[PDB]
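Trainee: Take a look at query.csv, CSV, C-alpha atoms and all ligand atoms:
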chain,number,residue,atom,x,y,z
A,3,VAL,CA,-8.2,16.2,11.9
A,4,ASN,CA,-7.6,14.8,8.3
A,5,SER,CA,-9.9,14.3,5.3
A,6,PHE,CA,-10.3,10.5,5.4
A,7,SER,CA,-14.1,9.5,5.8
A,8,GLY,CA,-16.0,6.2,6.5
A,9,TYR,CA,-13.1,4.2,8.1
A,10,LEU,CA,-13.4,1.7,10.9
A,11,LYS,CA,-10.8,2.3,13.6
A,12,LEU,CA,-8.8,-0.9,14.4
A,13,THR,CA,-6.2,0.6,16.7
A,14,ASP,CA,-4.8,3.9,17.9
A,15,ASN,CA,-3.2,4.3,14.5
A,16,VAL,CA,-4.7,1.9,11.9
A,17,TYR,CA,-7.9,2.5,10.1
A,18,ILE,CA,-9.7,0.3,7.4
A,19,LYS,CA,-12.3,0.8,4.8
A,20,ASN,CA,-13.9,-1.3,1.9
A,21,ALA,CA,-12.6,0.9,-0.9
A,22,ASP,CA,-10.6,1.0,-4.1
A,23,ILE,CA,-7.3,2.7,-3.1
A,24,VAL,CA,-7.5,4.5,-6.6
A,25,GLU,CA,-11.0,6.3,-6.0
A,26,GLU,CA,-10.0,7.0,-2.5
A,27,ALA,CA,-6.8,8.7,-3.6
A,28,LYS,CA,-8.7,10.8,-6.3
A,29,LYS,CA,-11.2,11.9,-3.6
A,30,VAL,CA,-8.8,12.6,-0.7
A,31,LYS,CA,-5.5,13.5,-2.6
A,32,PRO,CA,-3.5,12.4,0.4
A,33,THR,CA,0.1,13.4,1.1
A,34,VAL,CA,1.2,9.8,0.6
A,35,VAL,CA,-0.4,6.9,-1.3
A,36,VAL,CA,1.3,3.5,-1.1
A,37,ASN,CA,1.8,1.4,-4.2
A,38,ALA,CA,2.1,-2.3,-4.0
A,39,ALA,CA,5.2,-2.3,-6.2
A,40,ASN,CA,7.6,-4.9,-7.5
A,41,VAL,CA,11.3,-4.4,-7.5
A,42,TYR,CA,11.3,-3.4,-11.2
A,43,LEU,CA,8.5,-0.8,-10.7
A,44,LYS,CA,6.6,-2.6,-13.5
A,45,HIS,CA,3.0,-1.5,-12.7
A,46,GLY,CA,1.2,-4.2,-14.7
A,47,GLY,CA,-1.8,-5.1,-12.5
A,48,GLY,CA,-3.5,-4.9,-9.1
A,49,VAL,CA,-3.0,-1.8,-7.1
A,50,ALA,CA,0.1,-0.7,-9.2
A,51,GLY,CA,-1.6,-1.4,-12.5
A,52,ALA,CA,-4.7,0.4,-11.4
A,53,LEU,CA,-2.8,3.4,-9.8
A,54,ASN,CA,-0.6,3.6,-12.9
A,55,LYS,CA,-3.7,3.6,-15.3
A,56,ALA,CA,-5.2,6.4,-13.2
A,57,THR,CA,-2.0,8.5,-13.9
A,58,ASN,CA,-2.4,7.9,-17.7
A,59,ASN,CA,0.9,5.9,-17.5
A,60,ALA,CA,2.9,8.9,-16.1
A,61,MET,CA,3.7,6.8,-13.0
A,62,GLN,CA,5.3,4.1,-15.3
A,63,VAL,CA,7.3,6.7,-17.3
A,64,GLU,CA,8.7,8.2,-14.0
A,65,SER,CA,9.4,4.7,-12.6
A,66,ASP,CA,11.3,3.6,-15.7
A,67,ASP,CA,13.6,6.7,-15.4
A,68,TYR,CA,14.0,5.8,-11.6
A,69,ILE,CA,15.1,2.2,-12.4
A,70,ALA,CA,17.3,3.2,-15.3
A,71,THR,CA,19.2,5.5,-12.8
A,72,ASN,CA,19.1,3.4,-9.6
A,73,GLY,CA,18.4,-0.2,-10.5
A,74,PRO,CA,15.8,-2.4,-8.8
A,75,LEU,CA,14.4,-2.0,-5.3
A,76,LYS,CA,15.0,-4.7,-2.7
A,77,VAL,CA,12.1,-6.9,-1.6
A,78,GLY,CA,11.0,-5.2,1.6
A,79,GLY,CA,12.3,-1.8,0.3
A,80,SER,CA,10.7,1.3,-1.0
A,81,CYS,CA,11.2,4.6,-2.9
A,82,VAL,CA,9.3,7.9,-2.8
A,83,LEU,CA,8.2,9.2,-6.2
A,84,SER,CA,5.5,11.6,-7.4
A,85,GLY,CA,1.9,10.9,-6.6
A,86,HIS,CA,0.9,12.5,-9.9
A,87,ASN,CA,-2.8,13.3,-10.0
A,88,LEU,CA,-3.5,11.0,-7.0
A,89,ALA,CA,-1.5,12.2,-4.1
A,90,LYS,CA,1.5,14.5,-3.3
A,91,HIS,CA,3.8,11.5,-3.2
A,92,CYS,CA,3.7,7.8,-4.0
A,93,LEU,CA,5.6,5.5,-1.6
A,94,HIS,CA,6.3,2.4,-3.8
A,95,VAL,CA,6.7,-0.5,-1.3
A,96,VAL,CA,7.8,-4.0,-2.3
A,97,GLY,CA,6.2,-6.7,-0.2
A,98,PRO,CA,7.3,-10.3,-0.7
A,99,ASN,CA,5.8,-12.4,-3.4
A,100,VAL,CA,5.3,-16.0,-1.9
A,101,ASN,CA,4.6,-17.1,-5.5
A,102,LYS,CA,8.3,-16.2,-6.1
A,103,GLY,CA,9.6,-18.1,-3.0
A,104,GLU,CA,10.2,-14.7,-1.2
A,105,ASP,CA,10.5,-14.6,2.6
A,106,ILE,CA,7.0,-13.7,4.2
A,107,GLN,CA,9.2,-12.0,7.0
A,108,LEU,CA,10.0,-9.4,4.3
A,109,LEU,CA,6.3,-8.3,4.6
A,110,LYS,CA,7.2,-6.8,8.1
A,111,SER,CA,10.2,-5.1,6.4
A,112,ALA,CA,7.8,-3.7,3.8
A,113,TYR,CA,5.4,-2.3,6.4
A,114,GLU,CA,8.4,-0.7,8.3
A,115,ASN,CA,8.8,1.8,5.4
A,116,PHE,CA,5.4,3.3,6.3
A,117,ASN,CA,6.9,4.6,9.7
A,118,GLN,CA,8.9,7.3,7.8
A,119,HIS,CA,5.5,9.0,7.0
A,120,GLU,CA,3.2,10.4,9.7
A,121,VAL,CA,0.0,9.4,7.6
A,122,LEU,CA,-0.5,7.2,4.6
A,123,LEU,CA,-3.4,5.8,2.5
A,124,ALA,CA,-2.2,2.2,1.7
A,125,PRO,CA,-3.5,-1.2,0.4
A,126,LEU,CA,-2.9,-4.5,2.2
A,127,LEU,CA,0.7,-5.6,1.1
A,128,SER,CA,1.4,-9.0,-0.5
A,129,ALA,CA,-2.4,-9.6,-1.0
A,130,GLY,CA,-4.6,-9.8,-4.2
A,131,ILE,CA,-2.5,-10.4,-7.2
A,132,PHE,CA,0.7,-10.9,-5.0
A,133,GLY,CA,-0.4,-14.0,-3.1
A,134,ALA,CA,0.0,-13.7,0.9
A,135,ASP,CA,-2.9,-14.3,3.4
A,136,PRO,CA,-4.5,-10.8,3.9
A,137,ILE,CA,-5.4,-11.6,7.5
A,138,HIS,CA,-1.7,-12.1,8.2
A,139,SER,CA,-0.8,-8.9,6.3
A,140,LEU,CA,-3.2,-6.9,8.5
A,141,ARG,CA,-1.7,-8.4,11.7
A,142,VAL,CA,1.8,-7.4,10.5
A,143,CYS,CA,0.6,-4.0,9.6
A,144,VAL,CA,-1.0,-3.4,13.1
A,145,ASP,CA,2.1,-4.8,14.9
A,146,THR,CA,4.7,-2.8,12.7
A,147,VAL,CA,3.3,0.5,11.6
A,148,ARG,CA,3.2,3.2,14.3
A,149,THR,CA,2.2,6.2,12.0
A,150,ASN,CA,-1.4,6.7,10.9
A,151,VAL,CA,-2.4,4.4,8.1
A,152,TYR,CA,-5.7,4.3,6.3
A,153,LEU,CA,-6.1,0.9,4.6
A,154,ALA,CA,-8.2,0.7,1.5
A,155,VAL,CA,-9.2,-3.1,1.0
A,156,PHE,CA,-10.8,-3.6,-2.5
A,157,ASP,CA,-12.8,-6.8,-1.5
A,158,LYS,CA,-16.0,-6.3,0.6
A,159,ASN,CA,-16.1,-10.0,1.2
A,160,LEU,CA,-12.4,-9.8,2.4
A,161,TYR,CA,-13.0,-6.5,4.2
A,162,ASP,CA,-15.9,-8.1,6.2
A,163,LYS,CA,-13.7,-11.1,7.0
A,164,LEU,CA,-10.7,-8.9,8.1
A,165,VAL,CA,-13.0,-6.8,10.4
A,166,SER,CA,-14.9,-9.9,11.8
A,167,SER,CA,-11.7,-11.8,12.4
A,168,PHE,CA,-9.6,-8.8,13.8
A,169,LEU,CA,-8.1,-9.5,17.3
A,201,LIG,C1,-7.0,-1.8,-2.9
A,201,LIG,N1,-6.6,-3.0,-3.0
A,201,LIG,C2,-6.5,-3.5,-4.2
A,201,LIG,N2,-6.0,-4.8,-4.2
A,201,LIG,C3,-5.7,-5.6,-5.5
A,201,LIG,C4,-4.9,-6.8,-5.1
A,201,LIG,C5,-4.8,-6.8,-3.7
A,201,LIG,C6,-5.7,-5.5,-3.2
A,201,LIG,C7,-6.9,-6.0,-2.3
A,201,LIG,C8,-7.9,-7.0,-2.9
A,201,LIG,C9,-8.2,-7.5,-1.5
A,201,LIG,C10,-6.8,-6.9,-1.1
A,201,LIG,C11,-6.8,-2.8,-5.3
A,201,LIG,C12,-6.9,-3.0,-6.7
A,201,LIG,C13,-7.3,-1.9,-7.3
A,201,LIG,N3,-7.6,-1.0,-6.3
A,201,LIG,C14,-7.3,-1.5,-5.1
A,201,LIG,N4,-7.4,-1.0,-3.9
Can I see the file as structure tokens?

Mentor:
Amino acid sequence: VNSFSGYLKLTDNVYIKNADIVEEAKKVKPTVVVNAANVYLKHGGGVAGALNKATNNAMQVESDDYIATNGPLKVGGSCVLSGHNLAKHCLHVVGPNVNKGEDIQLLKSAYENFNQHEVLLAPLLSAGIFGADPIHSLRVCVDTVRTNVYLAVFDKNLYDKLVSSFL
């Protein structure tokens, strides 16, 4: 038994809810929150801008030190950093950006990083501000992640479409 509430169960391991990943993290304080990162960990908008704002910019300060030491992530890659006031850890995952000409098959590579963590609260990768078809992103998630993932989709219209179209 865990602390996540109000989720619809899609599969043995994938759960979904119409929620802001930020308010959900503040309420639950999960072990892992996933950020929809870019390779530079520049948290300017969307999930990353909203998560970073909720940390009072401490996520950006930590991220700039990470990049100064390690250089950029790979598209499809990830790193584990602090979850600050939101979670124990933040898993920064880089889904492809189709607005940059970046392989949609890197989205499966992005969701494979979730399998190193038994449970995660996560957003739909490569959606919203980043561009991909969220219905596709949910299918890849279900067919790739084997650990327990709680998806917070911040669009009720899109949430209802994802649920009503889910195979
Ligand atoms: C969850 N998803 C978030 N987005 C923003 C862009 C893409 C993603 C969803 C919007 C439908 C998919 C946000 C943003 C702030 N909080 C969020 N929580």

Trainee: Neighbours of ligand LIG 201 (chain A) within 7 Å, counting all atoms listed in the file, as number ranges by chain?

Mentor: A: 21-24, 48-49, 52, 125-126, 129-132, 136, 154-157, 160

Trainee: With stretch 57-76 of chain A as the partner and 10 Å as the cut-off, tabulate the residues of stretch 83-148 of chain A that qualify, each row holding the nearest pair of atoms and their distance in Å to one decimal, using only C-alpha atoms, sorted by chain and rising number, as JSON lines.

Mentor:
{"residue": "A:83", "atom": "CA", "partner": "A:64", "partner_atom": "CA", "distance": 7.9}
{"residue": "A:84", "atom": "CA", "partner": "A:61", "partner_atom": "CA", "distance": 7.6}
{"residue": "A:85", "atom": "CA", "partner": "A:61", "partner_atom": "CA", "distance": 7.8}
{"residue": "A:86", "atom": "CA", "partner": "A:57", "partner_atom": "CA", "distance": 6.4}
{"residue": "A:87", "atom": "CA", "partner": "A:57", "partner_atom": "CA", "distance": 6.2}
{"residue": "A:88", "atom": "CA", "partner": "A:57", "partner_atom": "CA", "distance": 7.5}
{"residue": "A:92", "atom": "CA", "partner": "A:61", "partner_atom": "CA", "distance": 9.1}
{"residue": "A:94", "atom": "CA", "partner": "A:75", "partner_atom": "CA", "distance": 9.3}
{"residue": "A:95", "atom": "CA", "partner": "A:75", "partner_atom": "CA", "distance": 8.8}
{"residue": "A:96", "atom": "CA", "partner": "A:76", "partner_atom": "CA", "distance": 7.2}
{"residue": "A:97", "atom": "CA", "partner": "A:76", "partner_atom": "CA", "distance": 9.4}
{"residue": "A:98", "atom": "CA", "partner": "A:76", "partner_atom": "CA", "distance": 9.7}
{"residue": "A:108", "atom": "CA", "partner": "A:76", "partner_atom": "CA", "distance": 9.8}
{"residue": "A:112", "atom": "CA", "partner": "A:76", "partner_atom": "CA", "distance": 9.8}

Trainee: Restricting the calculation to only C-alpha atoms, which member of A:106, A:149, A:161, A:3 is positioned closest to residue A:19?

Mentor: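 Result for the nearest residue to residue A:19: A:161.
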
Trainee: Nearest to residue A:104: which of A:77, A:41, A:122, A:144 is it, counting only C-alpha atoms?

Mentor: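 Checking each of A:77, A:41, A:122, A:144 against residue A:104, counting only C-alpha atoms, the winner is A:77.
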
Trainee: Kindly indicate which residue among A:46, A:147, A:105, A:93 lies nearest to residue A:128, using only C-alpha atoms for the distances.

Mentor: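 That would be A:105, the residue with the smallest distance to residue A:128.
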
Trainee: Nearest residue to residue A:35 out of A:89, A:18, A:7, A:12, using all atoms listed in the file?

Mentor: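 Smallest distance to residue A:35 is found for A:89.
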
Trainee: With distances taken over all atoms listed in the file, which residue among A:142, A:164, A:39, A:169 lies nearest residue A:54?

Mentor: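 Among A:142, A:164, A:39, A:169, it is A:39 that comes nearest to residue A:54.
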
Trainee: Report the distance between atom CA of residue A:30 and atom CA of residue A:159 in Å, rounded to one decimal place.

Mentor: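 Straight-line distance from atom CA of residue A:30 to atom CA of residue A:159 works out to 23.8 Å.
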
Trainee: In Å, how far is it from atom CA of residue A:134 to atom CA of residue A:56?

Mentor: 25.1 Å

Trainee: State, in Å with one decimal place, the distance from atom CA of residue A:47 to atom CA of residue A:100.

Mentor: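 One can read the atom CA of residue A:47 to atom CA of residue A:100 distance as 16.8 Å.
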
Trainee: Give me, as an MDAnalysis selection string, all polymer residues having an atom no more than 12 Å from residue A:145, counting only C-alpha atoms and skipping those fewer than 6 positions away in the same chain.

Mentor: chainID A and resid 12:16 109:111 113:114 117 138:139 169

Trainee: Which residue gives the smallest distance to residue A:36 among A:20, A:80, A:146, A:107, with only C-alpha atoms counted?

Mentor: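 For residue A:36, the nearest of the given residues is A:80.
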
Trainee: With N, CA and C atoms as the goal, would you fill in the gaps in stretch 101-135 of chain A and present it as a PDB file, keeping the file's coordinate frame?

Mentor:
ATOM      1  N   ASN A 101       4.641 -16.364  -4.243  1.00  0.00           N
ATOM      2  CA  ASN A 101       4.600 -17.100  -5.500  1.00  0.00           C
ATOM      3  C   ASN A 101       5.998 -17.075  -6.134  1.00  0.00           C
ATOM      4  N   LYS A 102       6.859 -16.113  -5.727  1.00  0.00           N
ATOM      5  CA  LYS A 102       8.300 -16.200  -6.100  1.00  0.00           C
ATOM      6  C   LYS A 102       9.247 -16.891  -5.088  1.00  0.00           C
ATOM      7  N   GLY A 103       8.775 -17.481  -4.005  1.00  0.00           N
ATOM      8  CA  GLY A 103       9.600 -18.100  -3.000  1.00  0.00           C
ATOM      9  C   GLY A 103      10.282 -17.073  -2.058  1.00  0.00           C
ATOM     10  N   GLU A 104       9.696 -15.872  -2.029  1.00  0.00           N
ATOM     11  CA  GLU A 104      10.200 -14.700  -1.200  1.00  0.00           C
ATOM     12  C   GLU A 104       9.715 -14.585   0.215  1.00  0.00           C
ATOM     13  N   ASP A 105      10.675 -14.725   1.142  1.00  0.00           N
ATOM     14  CA  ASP A 105      10.500 -14.600   2.600  1.00  0.00           C
ATOM     15  C   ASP A 105       9.256 -13.780   3.038  1.00  0.00           C
ATOM     16  N   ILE A 106       8.243 -14.387   3.703  1.00  0.00           N
ATOM     17  CA  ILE A 106       7.000 -13.700   4.200  1.00  0.00           C
ATOM     18  C   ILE A 106       7.471 -12.722   5.345  1.00  0.00           C
ATOM     19  N   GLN A 107       8.623 -12.957   6.021  1.00  0.00           N
ATOM     20  CA  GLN A 107       9.200 -12.000   7.000  1.00  0.00           C
ATOM     21  C   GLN A 107       9.626 -10.688   6.333  1.00  0.00           C
ATOM     22  N   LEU A 108       9.794 -10.651   5.001  1.00  0.00           N
ATOM     23  CA  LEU A 108      10.000  -9.400   4.300  1.00  0.00           C
ATOM     24  C   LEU A 108       8.763  -8.536   4.274  1.00  0.00           C
ATOM     25  N   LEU A 109       7.564  -9.104   4.499  1.00  0.00           N
ATOM     26  CA  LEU A 109       6.300  -8.300   4.600  1.00  0.00           C
ATOM     27  C   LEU A 109       6.456  -7.315   5.819  1.00  0.00           C
ATOM     28  N   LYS A 110       7.013  -7.757   6.952  1.00  0.00           N
ATOM     29  CA  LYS A 110       7.200  -6.800   8.100  1.00  0.00           C
ATOM     30  C   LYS A 110       8.181  -5.716   7.626  1.00  0.00           C
ATOM     31  N   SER A 111       9.267  -6.094   6.942  1.00  0.00           N
ATOM     32  CA  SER A 111      10.200  -5.100   6.400  1.00  0.00           C
ATOM     33  C   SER A 111       9.516  -4.096   5.476  1.00  0.00           C
ATOM     34  N   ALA A 112       8.597  -4.568   4.638  1.00  0.00           N
ATOM     35  CA  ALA A 112       7.800  -3.700   3.800  1.00  0.00           C
ATOM     36  C   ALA A 112       6.986  -2.694   4.578  1.00  0.00           C
ATOM     37  N   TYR A 113       6.243  -3.190   5.575  1.00  0.00           N
ATOM     38  CA  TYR A 113       5.400  -2.300   6.400  1.00  0.00           C
ATOM     39  C   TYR A 113       6.245  -1.302   7.218  1.00  0.00           C
ATOM     40  N   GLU A 114       7.502  -1.644   7.575  1.00  0.00           N
ATOM     41  CA  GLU A 114       8.400  -0.700   8.300  1.00  0.00           C
ATOM     42  C   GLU A 114       8.666   0.581   7.504  1.00  0.00           C
ATOM     43  N   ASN A 115       8.625   0.544   6.164  1.00  0.00           N
ATOM     44  CA  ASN A 115       8.800   1.800   5.400  1.00  0.00           C
ATOM     45  C   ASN A 115       7.712   2.810   5.624  1.00  0.00           C
ATOM     46  N   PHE A 116       6.497   2.390   6.048  1.00  0.00           N
ATOM     47  CA  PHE A 116       5.400   3.300   6.300  1.00  0.00           C
ATOM     48  C   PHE A 116       5.701   4.229   7.527  1.00  0.00           C
ATOM     49  N   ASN A 117       6.538   3.768   8.452  1.00  0.00           N
ATOM     50  CA  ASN A 117       6.900   4.600   9.700  1.00  0.00           C
ATOM     51  C   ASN A 117       7.699   5.844   9.382  1.00  0.00           C
ATOM     52  N   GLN A 118       8.234   6.055   8.166  1.00  0.00           N
ATOM     53  CA  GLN A 118       8.900   7.300   7.800  1.00  0.00           C
ATOM     54  C   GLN A 118       7.931   8.408   7.388  1.00  0.00           C
ATOM     55  N   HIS A 119       6.633   8.093   7.401  1.00  0.00           N
ATOM     56  CA  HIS A 119       5.500   9.000   7.000  1.00  0.00           C
ATOM     57  C   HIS A 119       4.475   9.001   8.073  1.00  0.00           C
ATOM     58  N   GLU A 120       4.140  10.192   8.533  1.00  0.00           N
ATOM     59  CA  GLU A 120       3.200  10.400   9.700  1.00  0.00           C
ATOM     60  C   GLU A 120       1.795   9.817   9.299  1.00  0.00           C
ATOM     61  N   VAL A 121       1.369   9.948   8.042  1.00  0.00           N
ATOM     62  CA  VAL A 121       0.000   9.400   7.600  1.00  0.00           C
ATOM     63  C   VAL A 121       0.145   8.883   6.218  1.00  0.00           C
ATOM     64  N   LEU A 122      -0.478   7.734   5.958  1.00  0.00           N
ATOM     65  CA  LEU A 122      -0.500   7.200   4.600  1.00  0.00           C
ATOM     66  C   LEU A 122      -1.829   6.503   4.301  1.00  0.00           C
ATOM     67  N   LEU A 123      -2.224   6.583   3.036  1.00  0.00           N
ATOM     68  CA  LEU A 123      -3.400   5.800   2.500  1.00  0.00           C
ATOM     69  C   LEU A 123      -2.654   4.618   1.858  1.00  0.00           C
ATOM     70  N   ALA A 124      -3.037   3.389   2.196  1.00  0.00           N
ATOM     71  CA  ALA A 124      -2.200   2.200   1.700  1.00  0.00           C
ATOM     72  C   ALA A 124      -3.133   1.025   1.442  1.00  0.00           C
ATOM     73  N   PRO A 125      -2.694   0.062   0.612  1.00  0.00           N
ATOM     74  CA  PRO A 125      -3.500  -1.200   0.400  1.00  0.00           C
ATOM     75  C   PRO A 125      -2.847  -2.220   1.338  1.00  0.00           C
ATOM     76  N   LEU A 126      -3.443  -3.415   1.366  1.00  0.00           N
ATOM     77  CA  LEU A 126      -2.900  -4.500   2.200  1.00  0.00           C
ATOM     78  C   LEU A 126      -1.756  -5.124   1.368  1.00  0.00           C
ATOM     79  N   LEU A 127      -0.508  -5.060   1.865  1.00  0.00           N
ATOM     80  CA  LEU A 127       0.700  -5.600   1.100  1.00  0.00           C
ATOM     81  C   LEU A 127       0.658  -7.080   1.006  1.00  0.00           C
ATOM     82  N   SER A 128       1.144  -7.576  -0.131  1.00  0.00           N
ATOM     83  CA  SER A 128       1.400  -9.000  -0.500  1.00  0.00           C
ATOM     84  C   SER A 128       0.060  -9.762  -0.712  1.00  0.00           C
ATOM     85  N   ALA A 129      -1.049  -9.038  -0.770  1.00  0.00           N
ATOM     86  CA  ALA A 129      -2.400  -9.600  -1.000  1.00  0.00           C
ATOM     87  C   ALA A 129      -2.628  -9.645  -2.560  1.00  0.00           C
ATOM     88  N   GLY A 130      -3.921  -9.739  -2.845  1.00  0.00           N
ATOM     89  CA  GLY A 130      -4.600  -9.800  -4.200  1.00  0.00           C
ATOM     90  C   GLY A 130      -3.724 -10.564  -5.128  1.00  0.00           C
ATOM     91  N   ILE A 131      -3.446  -9.905  -6.228  1.00  0.00           N
ATOM     92  CA  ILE A 131      -2.500 -10.400  -7.200  1.00  0.00           C
ATOM     93  C   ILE A 131      -1.165 -10.970  -6.613  1.00  0.00           C
ATOM     94  N   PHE A 132      -0.564 -10.334  -5.590  1.00  0.00           N
ATOM     95  CA  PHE A 132       0.700 -10.900  -5.000  1.00  0.00           C
ATOM     96  C   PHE A 132       0.660 -12.155  -4.205  1.00  0.00           C
ATOM     97  N   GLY A 133      -0.500 -12.693  -3.774  1.00  0.00           N
ATOM     98  CA  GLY A 133      -0.400 -14.000  -3.100  1.00  0.00           C
ATOM     99  C   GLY A 133      -0.555 -14.252  -1.528  1.00  0.00           C
ATOM    100  N   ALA A 134      -0.018 -13.503  -0.512  1.00  0.00           N
ATOM    101  CA  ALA A 134       0.000 -13.700   0.900  1.00  0.00           C
ATOM    102  C   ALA A 134      -1.477 -13.708   1.467  1.00  0.00           C
ATOM    103  N   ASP A 135      -1.616 -14.219   2.674  1.00  0.00           N
ATOM    104  CA  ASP A 135      -2.900 -14.300   3.400  1.00  0.00           C
ATOM    105  C   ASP A 135      -3.150 -12.846   3.912  1.00  0.00           C
TER     106      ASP A 135
END
